[PDB]
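Dumped start.cif below, it's mmCIF, C-alpha atoms and all ligand atoms:
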data_query
loop_
_atom_site.group_PDB
_atom_site.id
_atom_site.type_symbol
_atom_site.label_atom_id
_atom_site.label_comp_id
_atom_site.auth_asym_id
_atom_site.auth_seq_id
_atom_site.Cartn_x
_atom_site.Cartn_y
_atom_site.Cartn_z
ATOM 1 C CA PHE A 1 4.957 7.835 13.164
ATOM 2 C CA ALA A 2 7.105 6.934 10.150
ATOM 3 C CA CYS A 3 7.421 4.166 7.531
ATOM 4 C CA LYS A 4 10.023 2.312 5.530
ATOM 5 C CA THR A 5 10.244 -0.181 2.645
ATOM 6 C CA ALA A 6 11.856 -3.676 2.717
ATOM 7 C CA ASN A 7 15.032 -2.082 1.130
ATOM 8 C CA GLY A 8 15.223 0.598 3.888
ATOM 9 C CA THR A 9 13.744 3.565 1.859
ATOM 10 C CA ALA A 10 11.986 5.721 4.419
ATOM 11 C CA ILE A 11 9.179 8.270 4.701
ATOM 12 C CA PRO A 12 9.701 10.258 7.960
ATOM 13 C CA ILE A 13 7.373 12.010 10.465
ATOM 14 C CA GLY A 14 4.992 14.318 8.545
ATOM 15 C CA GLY A 15 4.709 11.997 5.517
ATOM 16 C CA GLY A 16 5.959 12.304 1.945
ATOM 17 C CA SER A 17 6.537 9.816 -0.891
ATOM 18 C CA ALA A 18 8.676 6.773 -1.796
ATOM 19 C CA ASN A 19 9.080 4.301 -4.691
ATOM 20 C CA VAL A 20 8.425 0.580 -4.022
ATOM 21 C CA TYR A 21 9.762 -1.951 -6.579
ATOM 22 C CA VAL A 22 7.816 -5.223 -6.503
ATOM 23 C CA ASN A 23 8.617 -8.687 -7.851
ATOM 24 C CA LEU A 24 5.587 -10.134 -9.633
ATOM 25 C CA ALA A 25 4.577 -13.671 -10.609
ATOM 26 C CA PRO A 26 5.864 -13.973 -14.237
ATOM 27 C CA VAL A 27 2.697 -15.759 -15.524
ATOM 28 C CA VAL A 28 -0.994 -15.139 -14.769
ATOM 29 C CA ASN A 29 -3.757 -17.015 -16.548
ATOM 30 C CA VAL A 30 -7.289 -15.594 -17.028
ATOM 31 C CA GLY A 31 -9.211 -16.804 -13.947
ATOM 32 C CA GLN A 32 -6.165 -16.535 -11.634
ATOM 33 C CA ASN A 33 -4.975 -13.774 -9.309
ATOM 34 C CA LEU A 34 -1.738 -11.846 -9.462
ATOM 35 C CA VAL A 35 -1.068 -11.067 -5.772
ATOM 36 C CA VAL A 36 0.812 -7.836 -4.921
ATOM 37 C CA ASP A 37 1.392 -8.216 -1.169
ATOM 38 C CA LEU A 38 2.627 -4.858 0.195
ATOM 39 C CA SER A 39 2.558 -6.185 3.837
ATOM 40 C CA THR A 40 6.043 -7.709 3.247
ATOM 41 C CA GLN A 41 7.264 -4.406 1.657
ATOM 42 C CA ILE A 42 5.878 -1.484 3.734
ATOM 43 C CA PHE A 43 6.393 -1.217 7.526
ATOM 44 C CA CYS A 44 5.337 1.521 9.995
ATOM 45 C CA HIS A 45 5.742 2.328 13.672
ATOM 46 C CA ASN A 46 4.377 4.660 16.341
ATOM 47 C CA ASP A 47 7.139 7.034 17.760
ATOM 48 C CA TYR A 48 5.356 7.818 21.075
ATOM 49 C CA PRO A 49 3.115 4.818 22.048
ATOM 50 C CA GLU A 50 3.323 5.783 25.797
ATOM 51 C CA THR A 51 1.009 8.755 25.052
ATOM 52 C CA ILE A 52 -0.247 8.523 21.452
ATOM 53 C CA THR A 53 -2.325 6.022 19.474
ATOM 54 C CA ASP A 54 -1.800 6.275 15.686
ATOM 55 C CA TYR A 55 -4.563 5.502 13.149
ATOM 56 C CA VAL A 56 -3.754 4.374 9.609
ATOM 57 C CA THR A 57 -6.036 3.950 6.586
ATOM 58 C CA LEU A 58 -5.606 3.207 2.899
ATOM 59 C CA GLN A 59 -7.019 6.614 1.861
ATOM 60 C CA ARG A 60 -6.874 5.760 -1.866
ATOM 61 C CA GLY A 61 -5.439 3.229 -4.316
ATOM 62 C CA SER A 62 -5.041 4.104 -8.016
ATOM 63 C CA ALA A 63 -4.053 1.769 -10.903
ATOM 64 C CA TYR A 64 -1.716 2.625 -13.798
ATOM 65 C CA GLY A 65 -0.306 1.194 -17.041
ATOM 66 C CA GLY A 66 -0.840 -2.520 -17.524
ATOM 67 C CA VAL A 67 -2.706 -2.895 -14.208
ATOM 68 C CA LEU A 68 -5.363 -0.303 -15.179
ATOM 69 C CA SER A 69 -5.545 -1.672 -18.774
ATOM 70 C CA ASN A 70 -5.453 -5.450 -18.269
ATOM 71 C CA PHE A 71 -6.657 -6.316 -14.788
ATOM 72 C CA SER A 72 -9.805 -6.254 -12.594
ATOM 73 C CA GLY A 73 -8.656 -5.462 -9.067
ATOM 74 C CA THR A 74 -9.489 -5.952 -5.414
ATOM 75 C CA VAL A 75 -7.569 -4.495 -2.452
ATOM 76 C CA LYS A 76 -7.486 -6.392 0.841
ATOM 77 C CA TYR A 77 -6.901 -4.063 3.826
ATOM 78 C CA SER A 78 -6.543 -5.646 7.256
ATOM 79 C CA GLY A 79 -8.659 -8.705 6.343
ATOM 80 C CA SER A 80 -11.414 -6.917 4.349
ATOM 81 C CA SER A 81 -11.833 -6.607 0.546
ATOM 82 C CA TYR A 82 -12.681 -3.460 -1.442
ATOM 83 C CA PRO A 83 -12.679 -2.479 -5.162
ATOM 84 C CA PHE A 84 -9.306 -1.447 -6.614
ATOM 85 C CA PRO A 85 -8.969 1.327 -7.944
ATOM 86 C CA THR A 86 -10.557 2.460 -4.664
ATOM 87 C CA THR A 87 -13.944 4.151 -4.196
ATOM 88 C CA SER A 88 -13.637 5.103 -0.460
ATOM 89 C CA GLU A 89 -11.151 5.432 2.404
ATOM 90 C CA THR A 90 -10.859 2.181 4.434
ATOM 91 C CA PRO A 91 -11.450 1.888 8.222
ATOM 92 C CA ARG A 92 -8.441 2.621 10.497
ATOM 93 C CA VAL A 93 -5.695 0.238 11.646
ATOM 94 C CA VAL A 94 -4.207 1.018 15.102
ATOM 95 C CA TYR A 95 -0.386 1.461 15.421
ATOM 96 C CA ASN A 96 0.527 1.341 19.140
ATOM 97 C CA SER A 97 4.132 0.083 19.105
ATOM 98 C CA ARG A 98 7.679 1.248 18.234
ATOM 99 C CA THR A 99 8.247 -2.189 16.608
ATOM 100 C CA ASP A 100 8.029 -1.959 12.765
ATOM 101 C CA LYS A 101 4.670 -3.483 11.836
ATOM 102 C CA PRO A 102 3.457 -4.309 8.297
ATOM 103 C CA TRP A 103 1.059 -2.000 6.470
ATOM 104 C CA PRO A 104 -1.694 -4.689 5.799
ATOM 105 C CA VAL A 105 -2.321 -3.998 2.072
ATOM 106 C CA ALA A 106 -2.455 -6.607 -0.717
ATOM 107 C CA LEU A 107 -3.705 -6.177 -4.304
ATOM 108 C CA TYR A 108 -5.537 -9.107 -6.005
ATOM 109 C CA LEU A 109 -5.493 -8.558 -9.788
ATOM 110 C CA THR A 110 -7.208 -10.923 -12.243
ATOM 111 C CA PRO A 111 -6.825 -10.500 -16.056
ATOM 112 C CA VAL A 112 -9.755 -8.949 -17.965
ATOM 113 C CA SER A 113 -11.059 -11.081 -20.944
ATOM 114 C CA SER A 114 -9.162 -8.898 -23.500
ATOM 115 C CA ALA A 115 -5.782 -9.502 -21.706
ATOM 116 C CA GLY A 116 -3.089 -11.554 -23.489
ATOM 117 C CA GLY A 117 0.659 -11.332 -23.856
ATOM 118 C CA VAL A 118 2.793 -8.851 -21.870
ATOM 119 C CA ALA A 119 0.081 -7.448 -19.529
ATOM 120 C CA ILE A 120 2.522 -5.557 -17.190
ATOM 121 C CA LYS A 121 5.858 -4.126 -18.362
ATOM 122 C CA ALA A 122 9.067 -4.288 -16.242
ATOM 123 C CA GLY A 123 9.849 -0.847 -14.704
ATOM 124 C CA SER A 124 6.325 0.550 -15.195
ATOM 125 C CA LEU A 125 4.182 2.279 -12.573
ATOM 126 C CA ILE A 126 1.386 -0.149 -11.604
ATOM 127 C CA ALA A 127 -0.180 1.621 -8.606
ATOM 128 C CA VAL A 128 -0.186 4.646 -6.250
ATOM 129 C CA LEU A 129 -1.262 3.829 -2.667
ATOM 130 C CA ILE A 130 -1.958 6.624 -0.179
ATOM 131 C CA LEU A 131 -1.487 5.757 3.489
ATOM 132 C CA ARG A 132 -3.282 8.344 5.656
ATOM 133 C CA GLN A 133 -2.053 8.713 9.250
ATOM 134 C CA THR A 134 -3.859 10.498 12.094
ATOM 135 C CA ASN A 135 -3.812 10.094 15.913
ATOM 136 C CA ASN A 136 -5.855 10.545 19.171
ATOM 137 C CA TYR A 137 -3.506 13.361 20.341
ATOM 138 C CA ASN A 138 -3.531 16.451 18.102
ATOM 139 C CA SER A 139 -4.505 17.613 14.562
ATOM 140 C CA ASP A 140 -1.709 15.629 12.783
ATOM 141 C CA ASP A 141 -3.047 14.279 9.438
ATOM 142 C CA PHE A 142 -0.376 13.007 7.037
ATOM 143 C CA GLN A 143 -0.153 11.279 3.680
ATOM 144 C CA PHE A 144 2.510 8.633 3.017
ATOM 145 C CA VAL A 145 2.459 8.167 -0.806
ATOM 146 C CA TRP A 146 3.720 4.809 -2.102
ATOM 147 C CA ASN A 147 4.548 4.644 -5.888
ATOM 148 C CA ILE A 148 4.487 0.937 -6.812
ATOM 149 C CA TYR A 149 6.674 -0.205 -9.750
ATOM 150 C CA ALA A 150 6.838 -3.655 -11.447
ATOM 151 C CA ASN A 151 10.342 -5.213 -11.267
ATOM 152 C CA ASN A 152 9.516 -7.609 -14.135
ATOM 153 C CA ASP A 153 7.154 -8.303 -17.086
ATOM 154 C CA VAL A 154 3.917 -10.210 -16.390
ATOM 155 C CA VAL A 155 2.598 -12.459 -19.156
ATOM 156 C CA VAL A 156 -1.062 -13.468 -19.569
ATOM 157 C CA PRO A 157 -0.932 -16.701 -21.749
ATOM 158 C CA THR A 158 -3.167 -16.937 -24.847
HETATM 159 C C1 LIG B 1 6.309 15.983 24.750
HETATM 160 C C2 LIG B 1 5.317 15.673 23.666
HETATM 161 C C3 LIG B 1 6.059 15.049 22.474
HETATM 162 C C4 LIG B 1 5.137 15.001 21.261
HETATM 163 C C5 LIG B 1 5.850 14.256 20.150
HETATM 164 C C6 LIG B 1 5.043 14.337 18.838
HETATM 165 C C7 LIG B 1 5.415 13.176 17.912
HETATM 166 O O1 LIG B 1 4.700 13.301 16.668
HETATM 167 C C8 LIG B 1 4.965 12.228 15.754
HETATM 168 O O2 LIG B 1 4.781 10.874 16.271
HETATM 169 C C9 LIG B 1 3.430 10.634 16.685
HETATM 170 C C10 LIG B 1 3.354 9.230 17.288
HETATM 171 O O3 LIG B 1 3.811 8.275 16.336
HETATM 172 C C11 LIG B 1 2.449 10.784 15.476
HETATM 173 O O4 LIG B 1 1.101 10.626 15.899
HETATM 174 C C12 LIG B 1 2.607 12.153 14.844
HETATM 175 F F1 LIG B 1 1.844 12.188 13.675
HETATM 176 C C13 LIG B 1 4.079 12.405 14.502
HETATM 177 O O5 LIG B 1 4.477 11.475 13.490
#

Would it be possible to restate this file's structure as structure tokens?
Ligand SMILES: CCCCCCCO[C@H]1O[C@H](CO)[C@@H](O)[C@H](F)[C@@H]1O
Amino acid sequence: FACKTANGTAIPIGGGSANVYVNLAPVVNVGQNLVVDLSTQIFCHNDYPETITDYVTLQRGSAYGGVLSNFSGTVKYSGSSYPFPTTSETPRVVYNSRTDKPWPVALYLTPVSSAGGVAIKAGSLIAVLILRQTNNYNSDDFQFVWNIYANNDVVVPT
């Protein structure tokens, strides 16, 4: 089991960490959602599907900078919604193929009432997402740590 980003940055067998740089909608009004869809950015595969079934959860999601300060978040994991920053590990997603498959994570961030102006700064850390991988074969239990960075400023109009 290993993962890679849309730009080819990889986290190999045994886990580790990688930076993910995301393009964000430039404008988000109060009452609207800023969508951070990681399913088009993070892809994983099972290295031995003939014998092993891999299980993948979003173990934890933390918010930083402008996201922590200016937004109220939800995380959608494989069709279900949970608070973001996270309060519990999600249920497991099965990886049973060598074909690169999306990690089904998307952040839905709506501005808090105090938000106005530059709510997210270009180049800033916005989130840390921990992918936890286990299997039905041995004791393997690995963390794939994704550091999410904003590629651009996000403005909340006033
Ligand atoms: C002859 C027996 C060969 C055993 C190979 C072990 C491969 O282990 C990697 O791939 C697994 C499947 O994706 C992951 O479950 C695991 F965590 C590890 O990444």

Problem set entry | Contact residues around residue 65 in chain A with all atoms listed in the file at 10 Å, ignoring same-chain residues under 3 positions, as number ranges by chain | A: 68-70, 119-121, 124-127

Selection to disk with C-alpha atoms, as a short mmCIF file (atom, residue, chain, number, x, y, z; two decimals), in the frame of the given file:
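So out03.cif came out as:
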data_model
loop_
_atom_site.label_atom_id
_atom_site.label_comp_id
_atom_site.auth_asym_id
_atom_site.auth_seq_id
_atom_site.Cartn_x
_atom_site.Cartn_y
_atom_site.Cartn_z
CA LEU A 68 -5.36 -0.30 -15.18
CA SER A 69 -5.54 -1.67 -18.77
CA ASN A 70 -5.45 -5.45 -18.27
CA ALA A 119 0.08 -7.45 -19.53
CA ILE A 120 2.52 -5.56 -17.19
CA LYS A 121 5.86 -4.13 -18.36
CA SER A 124 6.32 0.55 -15.20
CA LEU A 125 4.18 2.28 -12.57
CA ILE A 126 1.39 -0.15 -11.60
CA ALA A 127 -0.18 1.62 -8.61
#

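Distance annotation: of A:53, A:110, A:72, A:62, the residue with the minimal separation from residue 133 in chain A is A:53; atom set is all atoms listed in the file.
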
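Minimum atom-to-atom distances from A:81, A:97, A:88, A:114 to ligand LIG 1 (chain B) were compared using all atoms listed in the file, and the lowest value belongs to A:97.
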
Exercise. What residues come out when you apply the PyMOL selection byres (((chain A and resi 41) around 9) and not hetatm) to this file, written as an NGL selection string?
Worked result: :A and (4-7 or 20-22 or 37-40 or 42-43 or 102-103)

Exercise. Neighbours of ligand LIG 1 (chain B) within 7 Å, counting all atoms listed in the file, as a ChimeraX atom specification?
Worked result: /A:1-2,13-14,45-49,52-54,133-135,137,140-141

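In this comparison, which uses all atoms listed in the file, the residue of A:91, A:123, A:157, A:61 approaching residue 106 in chain A most closely is A:61.
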
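From CA of residue 85 in chain A back to CA of residue 115 in chain A, the distance works out to 17.8 Å.
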
Where's the centre, and what are the edge lengths in Å to one decimal, of a box along x, y and z enclosing all listed atoms of range 2-13 of chain A padded 8 Å per side, as AutoDock Vina command-line options?
--center_x 11.2 --center_y 4.2 --center_z 5.8 --size_x 24.1 --size_y 31.7 --size_z 25.3

For this session: Give me the residues within 6 Å of residue 33 in chain A as an NGL selection string, counting all atoms listed in the file and dropping any in the same chain fewer than 2 places off.
Result: :A and (35 or 108-110)

Same residues, C-alpha atoms, saved as a compact mmCIF listing (two decimals), in the frame of the given file:
# COMPACT_ATOMS: atom_id res chain seq x y z
CA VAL A 35 -1.07 -11.07 -5.77
CA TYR A 108 -5.54 -9.11 -6.00
CA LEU A 109 -5.49 -8.56 -9.79
CA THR A 110 -7.21 -10.92 -12.24

Problem set entry | Nearest candidate to residue 130 in chain A (options A:90, A:82, A:116, A:34; using all atoms listed in the file) | A:90

I need range 3-35 of chain A written out with N, CA and C atoms, as an mmCIF file, in the first residue's frame; please produce it.
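Written output follows (selection16.cif):
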data_model
loop_
_atom_site.group_PDB
_atom_site.id
_atom_site.type_symbol
_atom_site.label_atom_id
_atom_site.label_comp_id
_atom_site.auth_asym_id
_atom_site.auth_seq_id
_atom_site.Cartn_x
_atom_site.Cartn_y
_atom_site.Cartn_z
ATOM 1 N N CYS A 3 0.769 5.755 -1.552
ATOM 2 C CA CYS A 3 -0.027 6.856 -2.067
ATOM 3 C C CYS A 3 0.816 7.824 -2.832
ATOM 4 N N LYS A 4 0.140 8.674 -3.609
ATOM 5 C CA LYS A 4 0.801 9.745 -4.341
ATOM 6 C C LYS A 4 -0.151 10.922 -4.544
ATOM 7 N N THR A 5 0.415 12.109 -4.784
ATOM 8 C CA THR A 5 -0.375 13.305 -5.070
ATOM 9 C C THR A 5 -0.548 13.446 -6.586
ATOM 10 N N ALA A 6 -1.413 14.400 -7.018
ATOM 11 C CA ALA A 6 -1.670 14.680 -8.424
ATOM 12 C C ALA A 6 -0.376 15.099 -9.169
ATOM 13 N N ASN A 7 0.598 15.728 -8.463
ATOM 14 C CA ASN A 7 1.899 16.097 -9.054
ATOM 15 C C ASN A 7 2.983 14.989 -8.982
ATOM 16 N N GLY A 8 2.608 13.801 -8.519
ATOM 17 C CA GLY A 8 3.513 12.655 -8.446
ATOM 18 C C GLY A 8 4.293 12.447 -7.161
ATOM 19 N N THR A 9 4.155 13.373 -6.165
ATOM 20 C CA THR A 9 4.807 13.295 -4.838
ATOM 21 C C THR A 9 4.272 12.055 -4.125
ATOM 22 N N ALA A 10 5.160 11.162 -3.708
ATOM 23 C CA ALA A 10 4.707 9.914 -3.148
ATOM 24 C C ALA A 10 5.040 9.679 -1.682
ATOM 25 N N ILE A 11 4.218 8.854 -1.047
ATOM 26 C CA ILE A 11 4.453 8.350 0.308
ATOM 27 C C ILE A 11 4.495 6.826 0.118
ATOM 28 N N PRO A 12 5.649 6.170 0.369
ATOM 29 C CA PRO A 12 5.752 4.730 0.072
ATOM 30 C C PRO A 12 5.172 3.830 1.155
ATOM 31 N N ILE A 13 5.328 2.509 0.959
ATOM 32 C CA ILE A 13 4.977 1.450 1.919
ATOM 33 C C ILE A 13 5.576 1.825 3.292
ATOM 34 N N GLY A 14 4.755 1.732 4.336
ATOM 35 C CA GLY A 14 5.161 2.076 5.695
ATOM 36 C C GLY A 14 4.768 3.483 6.131
ATOM 37 N N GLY A 15 4.216 4.272 5.199
ATOM 38 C CA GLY A 15 3.767 5.632 5.473
ATOM 39 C C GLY A 15 4.862 6.687 5.511
ATOM 40 N N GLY A 16 4.497 7.860 6.015
ATOM 41 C CA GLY A 16 5.356 9.031 6.048
ATOM 42 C C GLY A 16 4.511 10.275 5.848
ATOM 43 N N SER A 17 5.110 11.316 5.269
ATOM 44 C CA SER A 17 4.430 12.600 5.060
ATOM 45 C C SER A 17 4.724 13.207 3.697
ATOM 46 N N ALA A 18 3.835 14.097 3.239
ATOM 47 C CA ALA A 18 3.955 14.807 1.969
ATOM 48 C C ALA A 18 3.166 16.126 2.017
ATOM 49 N N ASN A 19 3.634 17.113 1.263
ATOM 50 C CA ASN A 19 2.925 18.398 1.130
ATOM 51 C C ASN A 19 2.020 18.323 -0.094
ATOM 52 N N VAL A 20 0.808 18.871 0.039
ATOM 53 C CA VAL A 20 -0.213 18.946 -1.010
ATOM 54 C C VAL A 20 -0.541 20.442 -1.161
ATOM 55 N N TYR A 21 -0.386 20.973 -2.370
ATOM 56 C CA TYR A 21 -0.671 22.388 -2.647
ATOM 57 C C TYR A 21 -1.963 22.431 -3.429
ATOM 58 N N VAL A 22 -2.976 23.090 -2.850
ATOM 59 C CA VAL A 22 -4.327 23.134 -3.404
ATOM 60 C C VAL A 22 -4.746 24.505 -3.930
ATOM 61 N N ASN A 23 -5.401 24.496 -5.089
ATOM 62 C CA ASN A 23 -5.978 25.690 -5.684
ATOM 63 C C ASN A 23 -7.328 25.877 -5.020
ATOM 64 N N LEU A 24 -7.609 27.092 -4.572
ATOM 65 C CA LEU A 24 -8.878 27.368 -3.889
ATOM 66 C C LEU A 24 -9.675 28.404 -4.629
ATOM 67 N N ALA A 25 -11.023 28.316 -4.519
ATOM 68 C CA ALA A 25 -11.912 29.325 -5.095
ATOM 69 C C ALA A 25 -11.440 30.699 -4.528
ATOM 70 N N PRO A 26 -11.247 31.702 -5.394
ATOM 71 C CA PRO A 26 -10.711 32.991 -4.911
ATOM 72 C C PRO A 26 -11.657 33.795 -4.014
ATOM 73 N N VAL A 27 -12.979 33.539 -4.114
ATOM 74 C CA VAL A 27 -14.012 34.305 -3.408
ATOM 75 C C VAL A 27 -15.014 33.387 -2.747
ATOM 76 N N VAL A 28 -15.291 33.620 -1.451
ATOM 77 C CA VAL A 28 -16.294 32.824 -0.729
ATOM 78 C C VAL A 28 -17.136 33.755 0.123
ATOM 79 N N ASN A 29 -18.421 33.865 -0.195
ATOM 80 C CA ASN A 29 -19.303 34.688 0.608
ATOM 81 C C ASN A 29 -19.758 33.954 1.857
ATOM 82 N N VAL A 30 -20.142 34.697 2.913
ATOM 83 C CA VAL A 30 -20.747 34.104 4.115
ATOM 84 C C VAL A 30 -22.026 33.403 3.596
ATOM 85 N N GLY A 31 -22.249 32.182 4.046
ATOM 86 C CA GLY A 31 -23.370 31.364 3.602
ATOM 87 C C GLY A 31 -23.023 30.420 2.467
ATOM 88 N N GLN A 32 -21.788 30.492 1.933
ATOM 89 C CA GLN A 32 -21.350 29.597 0.864
ATOM 90 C C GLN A 32 -20.221 28.690 1.356
ATOM 91 N N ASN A 33 -19.977 27.603 0.630
ATOM 92 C CA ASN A 33 -18.913 26.683 0.984
ATOM 93 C C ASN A 33 -17.716 26.812 0.074
ATOM 94 N N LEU A 34 -16.541 26.776 0.694
ATOM 95 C CA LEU A 34 -15.267 26.665 0.024
ATOM 96 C C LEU A 34 -15.013 25.161 0.040
ATOM 97 N N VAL A 35 -14.948 24.536 -1.140
ATOM 98 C CA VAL A 35 -14.762 23.081 -1.231
ATOM 99 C C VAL A 35 -13.286 22.776 -1.470
#
